[PDB]
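Raw contents of target.txt, compact mmCIF, C-alpha atoms and all ligand atoms:
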```txt
# COMPACT_ATOMS: atom_id res chain seq x y z
CA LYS E 1 -16.16 -11.89 20.87
CA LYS E 2 -18.81 -14.56 21.10
CA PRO E 3 -19.15 -17.20 18.37
CA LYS E 4 -19.60 -15.38 15.09
CA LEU E 5 -20.51 -16.19 11.53
CA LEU E 6 -18.14 -15.10 8.77
CA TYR E 7 -20.41 -13.84 6.03
CA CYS E 8 -18.88 -13.27 2.61
CA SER E 9 -20.75 -10.77 0.40
CA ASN E 10 -19.40 -12.23 -2.85
CA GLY E 11 -22.16 -14.76 -3.34
CA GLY E 12 -23.58 -14.27 0.17
CA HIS E 13 -22.14 -17.23 2.05
CA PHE E 14 -21.05 -18.43 5.46
CA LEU E 15 -17.48 -19.54 5.56
CA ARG E 16 -17.33 -22.96 6.97
CA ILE E 17 -14.87 -25.74 7.84
CA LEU E 18 -16.19 -29.29 7.33
CA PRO E 19 -15.42 -32.12 9.75
CA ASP E 20 -13.02 -33.36 7.11
CA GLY E 21 -11.02 -30.12 7.12
CA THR E 22 -12.52 -28.83 3.89
CA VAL E 23 -13.09 -25.10 3.92
CA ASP E 24 -15.70 -23.43 1.78
CA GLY E 25 -18.88 -21.42 2.18
CA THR E 26 -22.60 -22.10 2.39
CA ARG E 27 -25.96 -20.39 2.46
CA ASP E 28 -27.68 -22.55 5.06
CA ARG E 29 -28.05 -20.57 8.25
CA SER E 30 -28.60 -23.99 9.92
CA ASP E 31 -25.17 -25.42 9.10
CA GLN E 32 -23.37 -26.98 12.05
CA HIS E 33 -19.94 -25.79 10.94
CA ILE E 34 -20.42 -22.06 10.26
CA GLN E 35 -19.99 -21.04 13.95
CA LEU E 36 -16.45 -19.71 14.45
CA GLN E 37 -14.72 -18.36 17.53
CA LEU E 38 -12.25 -15.57 16.84
CA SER E 39 -9.25 -15.57 19.16
CA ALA E 40 -7.11 -12.41 18.99
CA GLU E 41 -3.55 -13.59 19.40
CA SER E 42 -2.17 -10.06 19.14
CA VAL E 43 -3.11 -6.49 18.30
CA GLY E 44 -4.24 -7.26 14.74
CA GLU E 45 -3.87 -10.98 14.64
CA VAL E 46 -6.56 -13.60 14.97
CA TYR E 47 -7.37 -17.30 15.08
CA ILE E 48 -10.56 -18.60 13.57
CA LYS E 49 -11.77 -21.92 14.96
CA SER E 50 -14.76 -24.16 14.17
CA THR E 51 -16.38 -24.46 17.54
CA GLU E 52 -18.29 -27.48 16.24
CA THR E 53 -15.08 -29.43 15.29
CA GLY E 54 -12.26 -27.61 17.08
CA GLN E 55 -10.37 -27.19 13.77
CA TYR E 56 -8.61 -23.93 12.99
CA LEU E 57 -8.77 -22.11 9.69
CA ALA E 58 -5.35 -22.31 8.10
CA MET E 59 -3.91 -21.59 4.66
CA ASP E 60 -1.25 -23.94 3.25
CA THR E 61 1.80 -23.02 1.21
CA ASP E 62 -0.24 -22.79 -2.00
CA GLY E 63 -2.99 -20.55 -0.56
CA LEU E 64 -5.55 -23.35 -0.07
CA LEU E 65 -7.53 -23.04 3.10
CA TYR E 66 -7.98 -26.13 5.26
CA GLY E 67 -8.90 -27.10 8.77
CA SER E 68 -5.97 -27.87 11.09
CA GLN E 69 -6.47 -29.62 14.41
CA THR E 70 -3.64 -27.76 16.18
CA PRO E 71 -3.07 -23.97 16.08
CA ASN E 72 0.27 -23.60 14.20
CA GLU E 73 1.84 -20.61 12.45
CA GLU E 74 -0.22 -21.25 9.29
CA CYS E 75 -3.39 -20.43 11.29
CA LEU E 76 -2.87 -16.73 12.03
CA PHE E 77 -4.46 -13.93 9.99
CA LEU E 78 -4.05 -10.18 10.12
CA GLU E 79 -7.64 -8.99 10.45
CA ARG E 80 -8.21 -5.72 8.66
CA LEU E 81 -11.12 -3.39 8.23
CA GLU E 82 -11.68 -1.94 4.82
CA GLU E 83 -13.35 1.09 3.10
CA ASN E 84 -16.96 -0.19 3.08
CA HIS E 85 -16.45 -1.44 6.62
CA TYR E 86 -15.82 -5.14 6.12
CA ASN E 87 -13.18 -7.36 7.54
CA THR E 88 -10.58 -8.96 5.33
CA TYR E 89 -8.17 -11.55 6.68
CA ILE E 90 -4.77 -11.90 5.10
CA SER E 91 -2.49 -14.89 5.92
CA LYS E 92 0.23 -13.73 8.28
CA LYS E 93 2.70 -16.38 6.97
CA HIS E 94 2.31 -15.29 3.34
CA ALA E 95 1.42 -11.68 4.12
CA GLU E 96 4.02 -10.62 1.58
CA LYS E 97 2.19 -12.57 -1.17
CA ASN E 98 -1.10 -10.79 -0.55
CA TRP E 99 -2.99 -13.99 0.10
CA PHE E 100 -6.38 -13.59 1.76
CA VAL E 101 -9.20 -15.72 3.06
CA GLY E 102 -11.84 -15.57 0.32
CA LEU E 103 -14.84 -17.20 -1.29
CA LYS E 104 -15.75 -17.39 -4.92
CA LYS E 105 -19.17 -16.24 -5.99
CA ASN E 106 -20.35 -19.90 -6.16
CA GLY E 107 -19.18 -20.41 -2.55
CA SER E 108 -16.06 -22.46 -3.23
CA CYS E 109 -12.96 -21.28 -1.40
CA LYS E 110 -10.94 -18.87 -3.55
CA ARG E 111 -7.28 -19.89 -3.74
CA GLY E 112 -4.86 -17.61 -1.92
CA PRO E 113 -2.83 -16.49 -4.97
CA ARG E 114 -6.07 -15.77 -6.75
CA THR E 115 -7.20 -13.32 -4.09
CA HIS E 116 -6.00 -9.78 -3.83
CA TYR E 117 -6.53 -6.57 -1.89
CA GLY E 118 -9.56 -4.84 -3.36
CA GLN E 119 -11.49 -7.96 -4.47
CA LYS E 120 -14.98 -8.30 -3.19
CA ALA E 121 -14.26 -12.01 -2.54
CA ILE E 122 -12.11 -11.07 0.48
CA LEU E 123 -14.87 -9.14 2.29
CA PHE E 124 -16.34 -10.71 5.43
CA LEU E 125 -18.93 -9.45 7.88
CA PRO E 126 -19.01 -11.08 11.30
CA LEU E 127 -22.57 -11.75 12.22
CA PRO E 128 -23.91 -12.89 15.68
CA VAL E 129 -24.66 -16.61 16.10
CA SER E 130 -27.72 -18.36 17.69
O1 LIG U 1 -6.10 -17.95 -21.40
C1 LIG U 1 -6.64 -19.00 -21.07
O2 LIG U 1 -6.81 -19.87 -21.93
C2 LIG U 1 -7.12 -19.21 -19.63
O3 LIG U 1 -6.30 -18.49 -18.75
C3 LIG U 1 -6.93 -18.28 -17.51
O4 LIG U 1 -8.21 -17.74 -17.68
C4 LIG U 1 -8.26 -16.36 -17.74
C5 LIG U 1 -9.47 -15.90 -18.52
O5 LIG U 1 -9.44 -16.41 -19.81
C6 LIG U 1 -9.36 -14.42 -18.57
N1 LIG U 1 -10.36 -13.80 -19.38
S1 LIG U 1 -10.01 -12.35 -20.01
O6 LIG U 1 -10.23 -12.52 -21.38
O7 LIG U 1 -8.65 -12.03 -19.73
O8 LIG U 1 -10.88 -11.43 -19.39
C7 LIG U 1 -9.43 -13.87 -17.16
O9 LIG U 1 -10.69 -14.10 -16.61
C8 LIG U 1 -10.85 -13.44 -15.40
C9 LIG U 1 -11.62 -12.17 -15.66
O10 LIG U 1 -11.43 -11.30 -14.57
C10 LIG U 1 -13.12 -12.45 -15.85
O11 LIG U 1 -13.31 -12.87 -17.17
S2 LIG U 1 -14.60 -12.76 -17.98
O12 LIG U 1 -15.59 -12.28 -17.09
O13 LIG U 1 -14.36 -11.87 -19.07
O14 LIG U 1 -14.85 -14.08 -18.41
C11 LIG U 1 -13.70 -13.52 -14.91
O15 LIG U 1 -13.92 -12.97 -13.66
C12 LIG U 1 -14.72 -13.72 -12.79
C13 LIG U 1 -14.09 -13.70 -11.39
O16 LIG U 1 -12.90 -14.46 -11.42
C14 LIG U 1 -15.03 -14.31 -10.36
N2 LIG U 1 -14.46 -14.22 -9.03
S3 LIG U 1 -15.10 -15.09 -7.80
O17 LIG U 1 -14.67 -14.39 -6.62
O18 LIG U 1 -14.55 -16.40 -7.91
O19 LIG U 1 -16.52 -15.10 -7.95
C15 LIG U 1 -16.37 -13.59 -10.40
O20 LIG U 1 -16.21 -12.25 -9.96
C16 LIG U 1 -17.39 -11.63 -9.49
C17 LIG U 1 -17.22 -11.17 -8.05
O21 LIG U 1 -18.47 -10.73 -7.60
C18 LIG U 1 -16.23 -10.02 -7.92
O22 LIG U 1 -14.98 -10.55 -8.06
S4 LIG U 1 -13.82 -10.46 -7.07
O23 LIG U 1 -13.45 -9.09 -7.01
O24 LIG U 1 -14.35 -10.94 -5.84
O25 LIG U 1 -12.78 -11.28 -7.60
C19 LIG U 1 -16.41 -8.95 -8.95
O26 LIG U 1 -17.49 -8.13 -8.60
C20 LIG U 1 -17.53 -6.89 -9.26
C21 LIG U 1 -18.83 -6.78 -10.11
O27 LIG U 1 -18.83 -7.77 -11.10
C22 LIG U 1 -18.82 -5.40 -10.77
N3 LIG U 1 -19.92 -5.20 -11.73
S5 LIG U 1 -19.61 -4.28 -13.07
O28 LIG U 1 -19.90 -5.12 -14.21
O29 LIG U 1 -18.22 -3.88 -13.03
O30 LIG U 1 -20.49 -3.14 -12.98
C23 LIG U 1 -18.88 -4.37 -9.65
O31 LIG U 1 -20.08 -4.60 -8.87
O32 LIG U 1 -17.74 -4.47 -8.82
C24 LIG U 1 -17.59 -5.75 -8.20
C25 LIG U 1 -16.38 -5.63 -7.28
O33 LIG U 1 -15.25 -5.29 -8.04
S6 LIG U 1 -13.79 -5.08 -7.48
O34 LIG U 1 -13.79 -3.75 -6.92
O35 LIG U 1 -13.61 -6.11 -6.47
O36 LIG U 1 -12.89 -5.24 -8.60
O37 LIG U 1 -16.58 -9.53 -10.23
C26 LIG U 1 -17.67 -10.42 -10.32
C27 LIG U 1 -18.05 -10.74 -11.76
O38 LIG U 1 -17.43 -10.24 -12.70
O39 LIG U 1 -18.98 -11.52 -12.01
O40 LIG U 1 -16.89 -13.67 -11.70
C28 LIG U 1 -16.09 -13.05 -12.70
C29 LIG U 1 -16.87 -13.12 -14.00
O41 LIG U 1 -16.84 -14.46 -14.39
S7 LIG U 1 -17.92 -15.24 -15.16
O42 LIG U 1 -17.36 -16.55 -15.33
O43 LIG U 1 -18.11 -14.57 -16.40
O44 LIG U 1 -19.09 -15.19 -14.36
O45 LIG U 1 -12.84 -14.64 -14.84
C30 LIG U 1 -11.57 -14.36 -14.39
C31 LIG U 1 -10.84 -15.64 -14.05
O46 LIG U 1 -9.93 -15.66 -13.28
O47 LIG U 1 -11.14 -16.70 -14.54
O48 LIG U 1 -8.41 -14.46 -16.38
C32 LIG U 1 -8.47 -15.84 -16.36
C33 LIG U 1 -7.47 -16.30 -15.36
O49 LIG U 1 -6.22 -15.95 -15.82
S8 LIG U 1 -4.95 -16.06 -14.98
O50 LIG U 1 -4.44 -17.38 -15.27
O51 LIG U 1 -4.07 -14.99 -15.41
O52 LIG U 1 -5.39 -15.89 -13.60
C34 LIG U 1 -7.06 -19.60 -16.78
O53 LIG U 1 -5.83 -19.99 -16.29
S9 LIG U 1 -5.61 -21.16 -15.30
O54 LIG U 1 -4.49 -20.77 -14.47
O55 LIG U 1 -6.88 -21.25 -14.60
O56 LIG U 1 -5.33 -22.33 -16.12
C35 LIG U 1 -7.59 -20.78 -17.62
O57 LIG U 1 -8.99 -20.86 -17.41
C36 LIG U 1 -7.26 -20.67 -19.15
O58 LIG U 1 -6.01 -21.32 -19.36
```
What do you get writing this file as structure tokens?
Amino acid sequence: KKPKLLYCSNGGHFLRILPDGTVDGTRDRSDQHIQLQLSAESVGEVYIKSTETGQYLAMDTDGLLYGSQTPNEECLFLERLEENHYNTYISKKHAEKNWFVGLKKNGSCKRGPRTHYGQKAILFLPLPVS
């Protein structure tokens, strides 16, 4: 649990949270906002924070991901390992809606209600930073 990169296979991107709270993905290994710290706030729960800006990955009430300055309830995710050995993170708040953290092929954040268990857009591979 050192700063990791959240690599999404659908499109091959690095999930990232911009200074202005925008969350999306990118292919530049040199991006200053792709370094995330993953705090485990319980047995299968986690917090994902932009070390570069302090912001925490959070999903609003409509499934849109954004960067929150404080770590509220909307910032927890149930980190799960899947079949092909990837990690998928589903919003704990909306767990019942099956809303995950995901990236579209073109690297733009994939809306929570547009994601679903099984989709390749929800697969992330933590890679080592620096
Ligand atoms: O009716 C209207 O007027 C409109 O209503 C809504 O629009 C509808 C579409 O009209 C409708 N078309 S359909 O006629 O019903 O088919 C439908 O489009 C869906 C279709 O699934 C599909 O359509 S199409 O290809 O025929 O055009 C297409 O799929 C997109 C994905 O959405 C996109 N996801 S991404 O994550 O953003 O990139 C992307 O998928 C990639 C990914 O790599 C991966 O997807 S995902 O699992 O991560 O989601 C997946 O990978 C597959 C791989 O392709 C596959 N290869 S093989 O060919 O099977 O061998 C294999 O390797 O497996 C993997 C993994 O699979 S799995 O195990 O995870 O399942 O798929 C690929 C991929 O296909 O490329 O790209 C595809 C293709 O798109 S592209 O543009 O052709 O490149 O579009 C979606 C879509 O959501 O748009 O449904 C929409 C939405 O309807 S809804 O409203 O009911 O949701 C729409 O409504 S509105 O609400 O937006 O207003 C309005 O546009 C119109 O009003």
Each chain E residue no farther than 7 Å from ligand LIG 1 (chain U), nearest pair in Å, only C-alpha atoms and all ligand atoms, as CSV:
```
residue,atom,partner,partner_atom,distance
E:10,CA,U:LIG1,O21,5.1
E:11,CA,U:LIG1,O21,6.9
E:103,CA,U:LIG1,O17,6.0
E:104,CA,U:LIG1,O18,3.4
E:105,CA,U:LIG1,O19,3.5
E:106,CA,U:LIG1,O19,6.4
E:110,CA,U:LIG1,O18,6.2
E:114,CA,U:LIG1,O52,6.9
E:115,CA,U:LIG1,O25,6.9
E:118,CA,U:LIG1,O35,5.3
E:119,CA,U:LIG1,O23,3.4
E:120,CA,U:LIG1,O24,3.8
E:121,CA,U:LIG1,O24,3.5
E:122,CA,U:LIG1,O24,6.7
```
With region 52-58 of chain E as the partner and 10 Å as the cut-off, tabulate the residues of region 69-97 of chain E that qualify, each row holding the nearest pair of atoms and their distance in Å to one decimal, using all atoms listed in the file, sorted by chain and rising number, as JSON lines.
```
{"residue": "E:69", "atom": "CA", "partner": "E:55", "partner_atom": "CA", "distance": 4.6}
{"residue": "E:70", "atom": "CA", "partner": "E:56", "partner_atom": "CA", "distance": 7.0}
{"residue": "E:71", "atom": "CA", "partner": "E:56", "partner_atom": "CA", "distance": 6.3}
{"residue": "E:72", "atom": "CA", "partner": "E:58", "partner_atom": "CA", "distance": 8.4}
{"residue": "E:73", "atom": "CA", "partner": "E:58", "partner_atom": "CA", "distance": 8.6}
{"residue": "E:74", "atom": "CA", "partner": "E:58", "partner_atom": "CA", "distance": 5.4}
{"residue": "E:75", "atom": "CA", "partner": "E:58", "partner_atom": "CA", "distance": 4.2}
{"residue": "E:76", "atom": "CA", "partner": "E:58", "partner_atom": "CA", "distance": 7.3}
{"residue": "E:77", "atom": "CA", "partner": "E:58", "partner_atom": "CA", "distance": 8.6}
{"residue": "E:91", "atom": "CA", "partner": "E:58", "partner_atom": "CA", "distance": 8.2}
```
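Distances here use all atoms listed in the file; by that measure, the residue among E:123, E:17, E:129, E:65 closest to residue 86 (chain E) is E:123.
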**Request:** Grab the CA of residue 14 (chain E) to CA of residue 41 (chain E) distance for me, in Å with one decimal place.
**Result:** 22.9 Å
**Item:** Residue with smallest distance to residue 25 (chain E) - pool E:117, E:99, E:47, E:124, counting only C-alpha atoms
**Value:** E:124
**Request:** Quick one: pull the distance between CA of residue 87 (chain E) and CA of residue 3 (chain E), Å, one decimal.
**Result:** 15.8 Å
**Request:** Can you pull out every residue within 9 Å of residue 37 (chain E), counting only C-alpha atoms, but drop anything in the same chain fewer than 6 positions away, and send it as a count of residues only?
**Result:** 10
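Of the residues under consideration (E:127, E:33, E:46, E:93), E:33 shows the shortest atom-to-atom contact distance to residue 20 (chain E) when counting only C-alpha atoms.
Counting from CA of residue 94 (chain E), the distance to CA of residue 19 (chain E) is 25.3 Å.
Residue nearest residue 15 (chain E), chosen from E:90, E:43, E:59, E:36 and counting all atoms listed in the file: E:36.
Proximity ranking of E:23, E:125, E:32, E:12 relative to residue 84 (chain E) places E:125 first, based on all atoms listed in the file.
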